[PDB]
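Encoded as structure tokens, the following chain is the form deposited without the partner chain, with no partner shown.
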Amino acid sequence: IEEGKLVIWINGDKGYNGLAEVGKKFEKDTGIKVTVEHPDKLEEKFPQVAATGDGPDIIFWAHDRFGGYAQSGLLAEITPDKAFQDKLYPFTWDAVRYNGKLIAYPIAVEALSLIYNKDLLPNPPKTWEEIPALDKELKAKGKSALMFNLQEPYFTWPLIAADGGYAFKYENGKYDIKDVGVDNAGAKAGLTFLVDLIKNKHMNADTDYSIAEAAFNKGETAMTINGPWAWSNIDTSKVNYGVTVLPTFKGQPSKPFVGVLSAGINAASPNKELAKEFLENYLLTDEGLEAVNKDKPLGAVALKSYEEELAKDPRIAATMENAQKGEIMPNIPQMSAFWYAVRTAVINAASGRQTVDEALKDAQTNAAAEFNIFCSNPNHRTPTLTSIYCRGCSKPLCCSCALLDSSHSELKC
């Protein structure tokens, strides 16, 4: 890692051009060059190069992957004084706490929403159950009802979770990684409904991000499912669209996994103080987030002063409504094994390579095998085993401390 400059990694679907404009303001004020890059599969590349001290000074990703990076020692602990912490919403700071330590700067809150074409669909459906008949009526006009990414489980999880699927069982402020809900009856029903859409030719198993975005932004399909970053290309497309709450399934809301875009500092960076200055005094400002947001919308931003400007945007309102009904992703190291298992299950069930019950029993098994953790209470003289994490601080707790100790209450720790 090169001394005296900053290298930044951020996903290709984010506003990397706007962040680069923030880096040029930084360079004009300090003389420090800032290089922004968007490598492919950066969330799998970063743990690989950082383990030997390579990679960027700063990495951006949703918060769910940062706990695994921190567990492996790849992320520096950040030290914002309390005056700066008061500038961001408390909700966002919780997402970046791992093992009781803050391990990243929260940037923005993201959640999936239903996006619809107002000209084709003045009244968007409230339920998943209405989409088949709605697709039948729109094909009689040369359009389709719904196209969204079927290749990434992030997009299909809201439906799978709607009727009772879960990653890890959350109970009184705590997760239990021994209790996985990927092959239960509520997850089977949601995936079975999705596979039925493809079987009855209302959707194609092959549909990915680029195909769905192209079909919606050209006026071919009435609805898509996507996050705030996708609004930039819709806005320049000529489509007259709205953003709204995801439809219900079996009378229960779709529950999107909520992400907090977060900026982590590489443990091996010799430019940590320059990185903190960049993130605190240039990015996490009204002007800094505005430049990023004007490139690709971030969603609801963590900095209160600027979110108060964005809040009147109806698309932000819908994003927040969906976030309320969904749930914050855990940042525990087991999250990436969960995502890998669900990705395979969904793709194989949608393609007909496996039945729904085959695919999800495999996902449950493969994930559980991947899921040796010890309780964080320092008064344990010997390492005390557990499979429970506190959600607020992402600390392991044994069954004894989880029940007997008053600390780590569901409300506050």
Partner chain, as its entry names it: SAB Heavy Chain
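Throughout, rigid core stands for the largest set of C-alpha atoms superposing within 1.5 Å between the two forms. Numbering follows the first chain given and starts at 1. Shifts are known only where both forms have a C-alpha.
Another form exists, deposited with the partner chain bound; not displayed. Remarks below refer to it.
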Response to the item:
Taking the partner chain in the deposited bound form and a 4.5 Å non-hydrogen atom cutoff, the residues of 297 to 326 making contact are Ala300, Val301, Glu307, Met320, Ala323, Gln324, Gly326
Worksheet item: With the two forms aligned on the rigid core, which of the residues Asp206, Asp196, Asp179, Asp86 moves its CA by 2 Å or more between this form and the one not shown?
Response: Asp179
Discussion item. Having a change of 3 Å or more in the C-alpha distance between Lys250 and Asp183, I'd like to know whether it is closer or farther in the deposited bound form than in the form here.
Written reply: closer
Worksheet item: Just the runs, please: which groups of three or more residues in a row shift their CA by 2 Å or more between this form and the one not shown on the core?
Response: 174 to 183
